[PDB]
Ligand SMILES: [Mn+2]
Ligand SMILES: [Mn+2]
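Protein chains in written order, with UniProt numbering: chain A, 2 to 60; chain B, 20 to 207, 247 to 332; chain C, 914 to 995; chain D, 2 to 294; chain E, 785 to 1009; chain F, 179 to 237.
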């Protein structure tokens, strides 16, 4: 199925957890883990992945 | 040349030849470790059921070979303790007591040392001294080696042997006083060693109660007198004079025996008393 | 409405340390990036990234931090005038 | 005593120059001595210029001999090899023996960093243990060299400007004081600041990200820039990623990836590079391709 | 002069020194805290467990560096120790210094401790200042005398025991009982349940008894707590 | 670092202006506080990846 990822891009996420890493980078890592896990499903081939950012279009 | 326990299991004089070698490879303590490990290996039944190793003829041969090596070493508690683990020492001492024909389970204090044969007497004395020294070393704070990343295979054995060591330590603590009573009677070179062990045990115990310090002081003074009497001819007594001197200073801080000149005149102890 | 105008007279950069609300700093970062002022955009990013404030603490530390920054700001502000 | 031992060490050096590994007893005596000679260096073992930085080796003895041919003999040109010199090579034992022998012979004409591959776990499953067992039969030398590998420093500082470390930066670490406070007498843990230092790497991303290696992280342009500002460093030098030019700049002249093991695994065929800084901190570069065999 | 309230009572005949102002000590402690480390993440006056220091190492290291650079802070700390209650407020600085010393002592391969000169003095001063500040029984106050003649791990485990004891007995403004006879607030030991070191004094005794080789003369101090 | 040990066996719902929209469109918005339960949420998403029709049922 269609997979879309709307990632917040405002400065707010630039905070850092006790891991010393930003919320944005944690989000990217979580997305990567998600795609890794989904790859285990044979139906993965039918998946199309999308990214969207909070910035004003066309970007 | 490397010779494992199988050679000595098959042939007995091989042990004699190895101990006669000026450089026995492996070292005798390593031989003890290997033999007792083989003896203590648990028995797995066909149903994958773990059970204590049956005491077969091979097991008895291993045990008596280890005991022969220990006798050749002359039962140097320093060497055995430093080079061998607490469970190993405990089981080896128990086996030595058993081969001494001592009825297992009988409390040591119940038997008169003089009545027993000299070998059994020294065996019981060595067992009690080892128990006291084990308690003292357990009380000693020991630096912990830097932990590596988890190794699930080795940590199993490490934790298992640590638990067994803790159980042995608590067992020894439960009977520590009885060992003191036995050693007190046994005191009537080996006498100096026993007296020093008793003094150290008394000092450790009196860490809480100051009364035991007087007994420790008397023991340490008798130990130094024994050192003076024996002289340099100590072939089995190996005790540092500096530690007992410190013990005597600490106890004299408690008991003033007059004779200020003979006793410390340092401004330090003088300010202590002042 | 106040941060928007360009006629500041109050050492606009050095004061970013005292501000302790994440949202206004988000506004500041957006404004600086849009107007093309990276030397201050980085300062704003650092101020946000500071661990003291995260908008998710048990608030025991957040209130203390806000109190401390208030003290520092009002102390400097009092030093400036008179 | 010391004099006769020095001459004896000279014989070991010349012999190792002939690809002939030492005896097991000699290896034991070498490791024992090396413990006392490495115990005295903190994590950031500062080294004064001039210097010749050398990247990854992976124990390729012919390549190392050609590298000596190029840069110069060890007593003359000071060297700062960076890690990973024990694995994926058919002469790894000889290479590591030569490196440690040079270090012990000369305390300050050379300095060796600790790469990711110098640990107990990695060597067992990446050849070095097998090589040692095949050559010396037993594992006594293996348990000597693996023990030695912990006493190595972690990073080097050249005239307070260049920062040489194998892997790269790490989200936990921020300042040289933290590196100095880190304790090294520990087999590289699988997760932690020490772990990442040996598995970090550059990337054109920004922020951070999990490394595909499974350990450490991946830093971005802005991270390196911020770290350099934080501590006045002007250039970081790492060598963990295989390259082609041998030396490659990244993060707009902030991190130099060096690699001094040409034709990686005998098949990549990549050239190899070596950097050298003169007394006035005047960097240069040399390149080479493995000697005929 | 500034902190000491004149009082005017002329304590004693001519010997009794005037007591210092707890409020002045409070002000000094707070301003010193803000000067050194404006951080307040670990402002909970209750001491967290040892593992918690692992996350706070970086701040701990910067505090340690600042101290090494500026020795005057030790004298200010002694001045604050003069007043009983100010230390409870000056809790984060001490936690940071202790974390730094613990971390440093671990990475000490030298068999002797005196090899690292400054750290030894810093540890001694820390322990003595705590003793004078009365967050430790005098038994543990004697602790600092023996640091010189000890292996590194010995001192590290010893300071870990100190950490444990203080964790049990969290410094708080309460338990500093005011005395009408003398303004100086008193913390009455043995009324906190734990009282003396107990388990921790056992560790101390075990250390000194293991190191009777050169500590016999010093052993006469601790006696029986 | 969260000294609290998270014994929760589920993913508690979050309180944000998005949450009503998430419920309206048929999704369970997730709040996270540690990497472990983040991974729990992640695997929850992977399992939730399916094909269906969202219908409003009414008695
Ligand atoms: Mn490599
Ligand atoms: Mn590497």
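Cβ atoms here follow ideal geometry from the backbone N, Cα and C, with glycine treated the same way.
Unbroken beta strand (DSSP E) runs of no fewer than 3 residues, entirely contained in the segment 50-115 of chain B, are not found.
When the alpha-carbon of residue 50 of chain D is set against those of D:288, D:277, D:290 and D:292, the nearest one is in D:277.
Rounded to whole angstroms, residue 207 of chain D and residue 828 of chain E show a C-alpha spacing of 36 Å.
Every residue whose beta carbon comes nearer than 5 Å to a heavy atom of ligand 2 appears here in chain order: D:85, D:116, D:117 and D:241. Straight across, the Cα-Cα distance linking residue 86 of chain D with residue 47 of chain D is about 21 Å.
Using a cutoff of 8 Å, the CB of residue 59 of chain D counts as near ligand 1, since one of the ligand's heavy atoms is closer than that. By the Cβ neighbour-count rule, residue 51 of chain A is exposed, with fewer than 16 other Cβ atoms within 10 Å of its own.
In chain order, 210 and 211 make up the part of chain D whose C-beta sits under 8 Å from the C-beta of residue 33 of chain A.
Around the beta carbon of residue 956 of chain E, a 10 Å sphere encloses fewer than 16 other beta carbons of the protein chains shown; the residue is thus reported as exposed. DSSP, read as helix, strand or coil, puts residue 919 of chain C in coil. DSSP, read as helix, strand or coil, puts residue 218 of chain D in strand. When CB distances to chain E are screened at a threshold of 8 Å, the residues of the segment 255-284 of chain B falling below it are 261, 262, 265, 266, 267 and 268, in chain order. Put simply, of F:224, F:209, F:203 and F:219 the residue whose alpha carbon is nearest the alpha carbon of residue 234 of chain F is F:203.
In this structure, the beta-carbon distance from residue 34 of chain A to residue 209 of chain D does not fall below 9 Å.
The segment 136-147 of chain B and the segment 176-188 of chain B do not touch, with fewer than 3 CB-CB distances between them shorter than 8 Å. Using a cutoff of 8 Å, the CB of residue 88 of chain D counts as near ligand 1, since one of the ligand's heavy atoms is closer than that. Cα atoms of residue 903 of chain E and residue 326 of chain B: separation of roughly 26 Å, rounded to the nearest angstrom. Bounds of the beta strand (DSSP E) holding residue 50 of chain A are 49-54. Taken residue by residue, none of the segment 815-838 of chain E has a beta-carbon sitting less than 8 Å from a beta-carbon on chain D. By the neighbour-count criterion, in which a residue is buried when 16 or more other Cβ atoms sit within 10 angstroms of its Cβ, residue 231 of chain F is exposed. At a cut-off of 9 Å between C-beta atoms, residue 268 of chain D does not count as an interface residue with respect to chain B. Contact between residue 207 of chain F and residue 192 of chain F is confirmed by a C-beta separation of about 5 Å, below the 8 Å threshold. Apart from sequence neighbours up to five positions away, the residues of its chain that approach residue 305 of chain B with a beta-carbon distance below 6 Å are 278, ordered along the chain. Counting C-beta pairs with one atom in each stretch, the segment 220-228 of chain D and the segment 240-257 of chain D have three or more that are closer than 8 Å, which means they touch. Contact check for residue 874 of chain E against residue 837 of chain E fails: the beta carbons are separated by 9 Å or more. Considering only E:912, E:852 and E:969, the residue with the shortest C-alpha distance to residue 803 of chain E is E:969. By the C-beta criterion, the segment 976-986 of chain E is judged not to be in contact with the segment 892-902 of chain E, since fewer than 3 inter-stretch pairs fall below 8 Å. Against chain E, the beta carbon of residue 215 of chain F has no neighbour under 7 Å; the closest one sits roughly 19 Å away. Here the segment 253-260 of chain B does not lie against the segment 57-69 of chain B, with fewer than 3 beta-carbon pairs under 8 Å apart. For residue 931 of chain E, there is no enclosing alpha helix (DSSP H), as DSSP gives it neither H nor E. Scanning D:293, D:233 and D:248 for the CA closest to the CA of residue 285 of chain D turns up D:248. Under the three-state reduction of DSSP output, residue 908 of chain E falls in the helix class. Residues of chain D whose Cβ lies closer than 9 Å to the Cβ of residue 41 of chain B do not exist; the shortest such Cβ separation is about 17 Å.
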